[PDB]
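Reading the first sequence from the start, the letters are residues 105 to 107, 110 to 151 in the entry's author numbering. I have placed the structure first, in the form of structure tokens, so that the comments after it can refer back to it.
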Amino acid sequence: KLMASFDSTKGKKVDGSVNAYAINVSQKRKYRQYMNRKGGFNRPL
RNA sequence: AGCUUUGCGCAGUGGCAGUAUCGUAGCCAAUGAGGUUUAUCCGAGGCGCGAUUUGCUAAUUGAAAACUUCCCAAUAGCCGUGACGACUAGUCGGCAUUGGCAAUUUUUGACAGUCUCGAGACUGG
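The structure is reproduced here in structure tokens:
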């Protein structure tokens, strides 16, 4: 009724917000080319 | 032979450099420039105009500051699962990837500070 048998969460996935990771990255700005391209007028992807 | 003087040239230490350093082709000047001192004396440039090479390096703006770039795709531990295989439903080896790996036996920290002569003691109020 306690809800027995002492537990040890090793390897087992834990319950909740324990798994919280957060990565702050910001990549370099990929701009497009306009002047002196040799390519056709609309942008490349 | 040594010392030494004067002028010039070279290099070096240092100092100075817009009341400084010069050019002058224009004029004047020791056949005298310029002189308030000392003038029956002194003695050198003066007035104007006109100037203030070269190499190296830094920094800034600028898209670009002058010596022959960006982007996409793919390659470069263990527990389960799927097959393949091997050995007797079970076990083992390698391969593969479609969940997980901070709660006492390990990989998410009983560590940190102190003191004494390789060895121990104290504290975490």
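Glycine residues also receive a C-beta, built at the ideal position from the N, C-alpha and C atoms.
query, result
"Rounded Cβ spacing between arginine 135 and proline 150 (contact assumed at less than 8 Å)", "Their Cβ separation, rounded to whole angstroms, is 16 Å, which puts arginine 135 and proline 150 out of contact at 8 Å."
"Alpha-carbon spacing of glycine 146 relative to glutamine 133, whole angstroms", "27 Å"
"Assigned secondary structure, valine 131 (DSSP; H/G/I helix, E/B strand, else coil)", "coil"
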